Structures are given as C-alpha cells and as structure tokens.
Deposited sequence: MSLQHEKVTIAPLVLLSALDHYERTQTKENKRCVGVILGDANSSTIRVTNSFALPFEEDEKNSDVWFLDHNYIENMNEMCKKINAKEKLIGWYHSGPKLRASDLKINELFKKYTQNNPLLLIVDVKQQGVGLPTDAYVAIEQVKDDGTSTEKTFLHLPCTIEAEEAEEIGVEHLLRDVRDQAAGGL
C-alpha cells in the first residue's frame, strides 16, 4: 500500500481548536469546524496550523449545513501570504465523534486540497488517550468510508520551547 500511515499534530493546532470552541461559546450538541494546514505530501501527514470557519448546522436536520466557500478562499490566501509552506490539507471539528454529514462535508474539501482531505477530530472536552482522531475518506468492498489513521502530538523546536515554558509552574 502507498496509503498515508500516520498523522502528527502540533500543540498549537490543539490549542487553536480549543480557543475556537471556547470563543464561539460552542455548547451542548454543537460542534465547531475549521480548516487544517500543513504538509500531506508523504505517508506521514504533518498538521501544523489551522483556522476557524463560520459554520451552522442543526442536529435536528442532519443533512442541512452551510460551508462558507468564500471564507475558505479568502482566509487561505492570507495564510499563503504569511507562509506558503503550510498548505490547506483538510479540516477539523470538535466532535467528539464522527457525524453523519462528515463524508459529505469532506467531499466539499476535496475542492480545496491537493491531497485526499484529512479530517481531524479534536476533542476539546478531552474525556477519557489522545484528544485527536484522524481520518481520510476511502472506498471499500463498493462505497465510501473513513479510514482511521494513528495520531501523535509532535512539536517543532519553537513550539517545544513554548510548551515547556507554558508548562513550568507544574
């Protein structure tokens, strides 16, 4: 197989997902949704940045949702101006579990990614291992399903320095 084997996520992405969930006061059954950035050219997918998306859905209507297309393009083009090495590789949401509309939402991201879109679920409530679950959409024996990829949390030097510093006094 030439399939992606695993995913690494930067601490900043975890913190960014949390701060997104918190600052929009996401509560109850709702989730927040955003875009992830990094490098998916190899069998190890490296997730190193992200940004929040406006996103509305009602769970009383599990197939109705609005994905802001212009927001993605406009925000991504500002991200390119800061760092062209971090590419749009997929999306994230707060879950904490896969939802019924995810495969459909994932399809729309195919339009923005060069790679097969990575879905990252970040459990911002952190209940019970790692607060992340990573998926790519695949065909199986024939229709579409999510393939679960193993995740680790990995930091580049600057982040390593920042995290250690933040996690002093503890």
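Practice task
Write out the missing regions of the deposited sequence in sequence order, one range per stretch.
Solution key: Several stretches lack coordinates - namely 1, 130, 144 to 149, 179 to 186, in sequence order.
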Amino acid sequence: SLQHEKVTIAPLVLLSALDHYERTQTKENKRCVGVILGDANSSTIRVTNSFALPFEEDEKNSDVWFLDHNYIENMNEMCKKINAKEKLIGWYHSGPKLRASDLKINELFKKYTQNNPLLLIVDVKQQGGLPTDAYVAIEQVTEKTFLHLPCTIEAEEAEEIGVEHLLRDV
From here on, numbers count along this sequence of modelled residues.
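Whichever C-alpha set is largest while still superposing within 1.5 Å between the two forms counts as the rigid core.
Handout entry: Between 32 to 40 and 52 to 60, larger RMS Cα displacement in 6 other deposited structures of this protein after core fit
Key = The more displaced stretch in 6 other deposited structures of this protein turns out to be 52 to 60.
Problem - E143 coordinate gap across at least a third of other entries - result: Other entries vs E143: at least a third skip it.
Problem - Given 63 to 71 and 50 to 58, the range whose Cα B-factors average higher in the PDB entry - result: The entry gives the higher C-alpha B-factor average to 63 to 71.
Exercise for the section: Between 78 to 86 and 95 to 103, name whichever shows the higher mean Cα B factor according to the PDB entry. Expected result: Higher mean C-alpha B-factor: 78 to 86.
Practice task
Name the one of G34, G129, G38, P117 with the greatest CA B-factor according to the PDB entry.
Solution key: The record points to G129.
Problem - Out of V141, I121, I45, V136, highest CA B-factor residue - result: Top of the list by C-alpha B-factor: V141.
Handout entry: Third of chain Cα B-factors occupied by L15
Key = It falls in the bottom third of the chain.
Practice task
Could you say whether, by C-alpha temperature factor, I9 belongs to the lowest, middle or highest third of its chain?
Solution key: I9: CA B-factor falls in the middle third of its chain.
Exercise for the section: Relative to the other modelled residues of the same chain, rank the CA B-factor of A155 and answer lowest, middle or highest third. Expected result: It falls in the top third of the chain.
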